[PDB]
Amino acid sequence: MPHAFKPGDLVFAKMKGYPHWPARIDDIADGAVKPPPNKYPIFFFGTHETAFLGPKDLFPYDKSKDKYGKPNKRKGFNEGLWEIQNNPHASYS
């Protein structure tokens, strides 16, 4: 049975106006800005952007990749697909 989301979990993350996007739950570094209550720090593959999102916008990668893991014209998306498949836990700083 499912646990709560934790750092390292892989997802497709949904933002207004964008397709479900390859992403991971990030850790929060010592001394870094914390997310609002009930939100997670989401690192978007390809774009390497971070936003704060709640569970309603987070789809587990294994379950969803057949639907959401197809090429997209949007900037960074196809790079993001490679990252989540091939080196999801790397440093992308």
Side-chain angles (χ1 to χ4, degrees), residues 1-15 17-69 71-72 74 76-93:
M1 280 303 180
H3 294 83
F5 281 112
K6 66 181 185 294
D9 284 344
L10 305 180
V11 297
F12 293 81
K14 186 58 166 75
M15 300 285 275
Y18 283 93
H20 298 85
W21 201 283
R24 66 185 182 203
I25 312 287
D26 254 5
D27 274 293
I28 300 151
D30 285 336
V33 183
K34 286 184 284 170
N38 295 297
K39 306 309 180 59
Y40 293 80
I42 304 307
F43 177 83
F44 289 91
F45 291 123
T47 63
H48 315 140
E49 295 164 9
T50 291
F52 302 121
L53 284 188
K56 71 176 167 70
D57 290 320
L58 309 181
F59 291 83
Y61 174 75
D62 191 60
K63 184 174 211 278
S64 299
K65 63 170 195 309
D66 284 345
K67 179 174 200 179
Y68 297 131
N72 191 281
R74 297 280 264 289
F77 192 96
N78 299 331
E79 184 180 1
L81 297 177
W82 177 94
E83 292 183 352
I84 196 158
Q85 182 166 37
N86 295 295
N87 205 343
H89 298 303
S91 165
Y92 286 96
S93 288

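Along the sequence shown, residues carry numbers from 1. No hydrogens, no waters, no symmetry mates; every other heavy atom, side chains included, goes into these values.
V11 is not listed as a side-chain neighbour of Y61, based on a closest heavy-atom distance of 4.5 Å or more. Between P19 and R74, some side-chain heavy-atom pair lies under the 4.5 Å cut-off. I25 has its side chain within reach of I42: a pair of non-hydrogen atoms, C-beta onward, lies under 4.5 Å apart.
When atom types are taken as modelled, the side chain of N78 and the backbone of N72 share a donor-acceptor pair closer than 3.5 angstrom. With hydrogens and angles ignored, the 3.5 Å screen pairs a side-chain donor or acceptor of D9 with a backbone N or O of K6. Judged by distance alone, with hydrogens and angles left aside, the side-chain atoms of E83 form a donor-acceptor pair with the main-chain N or O of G46 at under 3.5 Å.
Smallest separation of non-hydrogen atoms from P41 and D27: CG-O, 4.4 Å. In terms of heavy atoms, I28 sits closest to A32 at CG2-O, 4.0 Å. Looking at every heavy atom in both residues, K14 comes nearest to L53 through O-CD1, 3.8 Å. Contact record, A23 with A13: CB-CB, 4.0 Å, taken as the closest heavy-atom pair.
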Inset, instruction - Mind running side-chain contact (heavy atoms from CB on, under 4.5 Å) on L10 and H89 for me, showing each step along the way? - result: CA-CA 9 Å; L10 305 180; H89 298 303; 4.1 Å; yes
Inset, instruction - In sequence, state the C-alpha distance, the side-chain angles, and the governing distance for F44 and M15, and then conclude on side-chain contact (heavy atoms from CB on, under 4.5 Å). - result: CA-CA 11 Å; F44 289 91; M15 300 285 275; 3.8 Å; yes
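In this pair, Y40 and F5 present their aromatic rings perpendicular. The plane angle is above 60°, beyond the 30 to 60° band. Ring geometry, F59 versus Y68: the interplanar angle exceeds 60°, so the pair is classed perpendicular (tilted spans 30 to 60°). By the 30° and 60° cut-offs, the orientation of the rings of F45 relative to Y92 is perpendicular.
With rounding to the nearest 0.5 Å, the separation of CZ in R24 from CG in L58 is 14.5 Å. Remark: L81 CG to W21 CH2 distance equals 9.0 Å, nearest 0.5 Å.
Crowding of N86 atom CG: a count of heavy atoms from other residues, nucleotides or ligands under 6.0 Å exceeding 12.
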